[PDB]
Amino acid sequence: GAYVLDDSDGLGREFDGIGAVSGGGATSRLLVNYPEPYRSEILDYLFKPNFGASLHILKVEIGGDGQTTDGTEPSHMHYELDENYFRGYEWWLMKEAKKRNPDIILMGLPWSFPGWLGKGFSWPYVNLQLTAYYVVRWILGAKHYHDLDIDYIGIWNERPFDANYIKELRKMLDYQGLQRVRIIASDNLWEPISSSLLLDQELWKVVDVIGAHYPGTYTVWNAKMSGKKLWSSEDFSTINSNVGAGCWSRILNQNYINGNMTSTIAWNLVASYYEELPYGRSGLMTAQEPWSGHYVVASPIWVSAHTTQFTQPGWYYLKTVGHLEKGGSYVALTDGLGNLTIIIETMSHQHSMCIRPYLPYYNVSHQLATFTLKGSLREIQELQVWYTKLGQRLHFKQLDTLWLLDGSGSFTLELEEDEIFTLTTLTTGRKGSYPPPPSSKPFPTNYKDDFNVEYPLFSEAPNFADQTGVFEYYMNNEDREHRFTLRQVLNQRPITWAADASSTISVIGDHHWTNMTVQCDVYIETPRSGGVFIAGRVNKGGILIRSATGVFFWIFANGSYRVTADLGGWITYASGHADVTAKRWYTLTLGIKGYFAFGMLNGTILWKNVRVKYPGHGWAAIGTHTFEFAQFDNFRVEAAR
């Protein structure tokens, strides 16, 4: 009926911010080669204050060279004694975010680790000092090379934590003058981290935040007992249709209401990865076409705005928050300066399902809500109004100012389902706008890269999405024809997060492609045992990269070749001998049309008319037989979709 909003008996918990995740894995991959002005517009929609999503928090993967859901991300230490703070795109992303919002909150978290850290095992806790050293080096490098202060460091994404590790990490941070960096644990379930904090005073002292993943808006008693900040440190992960926007809307409110969670962070920030990779289009917005410049400012961008534009880290929740009698919810926040923001959501069950977890049916119907301002809030006589109706739809439209002339300190709204209202004393709101970007277009049916770039802006060529191993721009001054190539740089399997393939592979192009010719120059660096391939119709990647089928054309340095239907090479289409050795450049051509394929070595037919599964479709790819050095040059693909 009537809902009292008051601060007279005190406040709720301090609000910590809303944010999102770039990484886990390669989610921002296709954003970096967007042309201007579009790339900048996109970043504005995400990070510019009083414009779009206006995010408070940006969380990034600390790359460890392993597959971490939609690709691999490069580490700052590929090998022991290697340090490089200019690989990948997270440094870049953090700097761009910080340009737009200097007060943005930055977090880092590992999914995978380089293999050499395991000292013979695929386990990051064999040598605690070494793994901590690796992680703290990343934080120092953020400061020293990019001028970034990292605000939070995590442990091991959705993987077990080690209590001694967390203690060592704290000790190591302090030792490096990083006392201001805070630790969040354990980026998995509420347990066992929450009970561990109650049983262990030394652990409790070194953990600042408990971050849980996909909590379904609820927490647990031990976490409440701990007296720590509780965050939903990863959530969302749903397609950014109106449905995903509903999910995002409902949980932004009800994570605090049901779970005492004072921050929620979406996976992922922006869908800049091929859609046919796992969890396609599950960012706050979509930017998966750098070749065309087309992006989509999806509904979740404006759902975020209803909170982010009108709240800031350091505001407090009121004690008076809760559910609406006939479905939906409301929260209210103040800054202690006389401002007040009220956020109301009436998301229906059928239009707000998240993938994790799936809620049992709940009912939402039309209602009227009366709000009365008590305490220091009663003196407010004016409120700005912002409204969204999820579809057709109607996004972040500003409505007529609401007045409380009465002295009643009270007002009433008619609510329907799937709506959001934000009522705030703040006048800075804005639905940011750029002109529409170019129309969507498929990946170019003809495409080439000679990798001839002497001072590349990024460490890898555009559109190549690594799904196992890591491929990088390589300069070899000792060669003239192949001075600038693409190189696979891992020489051992990472401490894996997902199930990386046995073979390295990078995919590119249009998953719809079914007839195609792929050509590339390849160089095998390992004598006798080495091998490489090119391929087409590659149908799976990411977390499923081991499942990938297609047509794979391998040559080996022992004078041999293979044609397989799968990346794992279990299934044979054809095989035989070839004049192939190590440390020599060959040109491979692979042609696939309907039921048949052919391969060429240096322009001369090696095998022809080999029958392959059809129908079938997928990306083009390059790669190596194991985790081994190899080079590639003059990539070309022609395809029909």
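Residue numbers run from 1 along the displayed sequence.
At least a third of the other compared entries skip residue 392 while keeping the residues on either side.
Unmodelled residues of the deposited sequence between neighbouring positions residue 391 and residue 392 number 1 to 3. Just going by the entry, 440-448 versus 371-379 on mean CA temperature factor gives the higher value to 371-379.
When 154-162 is weighed against 340-348, 340-348 comes out higher, by mean CA B-factor as recorded in the entry. Reading the B-factor column for the CA atoms of 240, 262, 408, 233 in the entry, the top value corresponds to 408. Per the PDB record, 403 has a higher Cα B-factor than any other of 123, 403, 553, 267. Ranked within its chain, residue 59 lands in the lowest third, by CA B factor from the PDB record. In the deposited entry, the Cα temperature factor of residue 423 places it in the highest third of its chain's modelled residues. Looking at the C-alpha B-factors along this chain, the one for residue 244 belongs to the middle third. Ranked against the other modelled residues of its chain, the C-alpha B-factor of residue 618 as given in the entry falls in the middle third. When the modelled residues of the chain are ordered by C-alpha B-factor, residue 227 sits in the middle third.
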